[PDB]
């Protein structure tokens, strides 16, 4: 049941496998190269036409009955984070291949052509800049990104150069709007929503909007013994209260996620009230108006907490990504796909960002989620079951088939 797909996942999982069992494949390395060629051999087996674009993106084309028809794109990525799993990335790609090759084996024809794409560098690990391949196909790679360097200090442009890739030709990788019918990506959930409901497959409603705000809280460093409670300007105590406000305000909507996952304290002694505490709100929600409305509540409540406790709080916005709603054509297709196959229709937002987010400016997008065991992602523990991947490939298949009809 979903053998070929599972066998390919296990096999690809060997490429850059660590002693941990996890994987590490950075862009523009021999390992991702080995991976790209391995996936490419699966693309040939499926009867696809194989090429790489100007951004290093790997593509398999299956012609439709109208060579001039607009393209249905299915992909995901091959690169990983450092000690990553072997499902985040390849599921989408390998299921993509699985979908077309099934079609060719059973002599199934489609009006539109279907391209399976493995995008260059979604996770962003090597140059700390993410989603290089998909921005490129979308035509929104900033030249600021070419100047990013890795640990060994080689720049993206330099890496690209070494790889045979003239950064000058990067615009050639772009697809113009209206050459693409749509884009669909099968991905593991990366959370426990689906495992908690007890279902293998969900439909993505969209990719949540995001904000990173850095909180800097300034007080007065002072010896603990010397400083009565009534006199203090304790910014760690201030931080603790704000972190609670964050939780209260994210819980309130039923829809939002809010997290403080990093927090530095200055100076950092056991017996010293801190001078400064810095931390970063990670705050997301599918409706931007809700996200910001949530942020306003945190801001207003923080402002008073500041004045009450005689400390200074400045915030800075580090990153903003607007939400991307999934399209009705893709969603309606995945729903039909499930009903046909006897799966319940389960809707859910994608908290994390994906290559799909970078394709919205140029075509309608959509996504399908596969149950994630214990929600684990980006580590060796990452696991989706063979049958669950099977479930997701059937749906993908029937979602792609629909979209590629006239």
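Residue numbers count along the first chain shown, from 1.
- For the pair 278 to 286 and 148 to 156, the mean B factor over Cα atoms is greater in 148 to 156.
- In this crystal structure, the stretch out of 158 to 166 and 327 to 335 whose C-alpha atoms carry the higher mean B factor is 158 to 166.
- Of the candidates 243, 311, 73, 188, it is 311 whose Cα B-factor is highest according to the PDB record.
- Considering 110, 253, 304, 102 together, the PDB entry gives 304 the largest C-alpha B factor.
- Ranked by C-alpha B-factor against the other modelled residues of its chain, residue 259 falls in the lowest third.
- In the PDB entry, residue 368 places in the lowest third of its chain by CA B-factor.
- Ranked within its chain, residue 27 lands in the middle third, by CA B factor from the PDB record.
- Sort the modelled residues of the chain by CA B factor and residue 37 lands in the lowest third.
- Remark: residue 346 belongs to the middle third of its chain, ranked by C-alpha B-factor as recorded.
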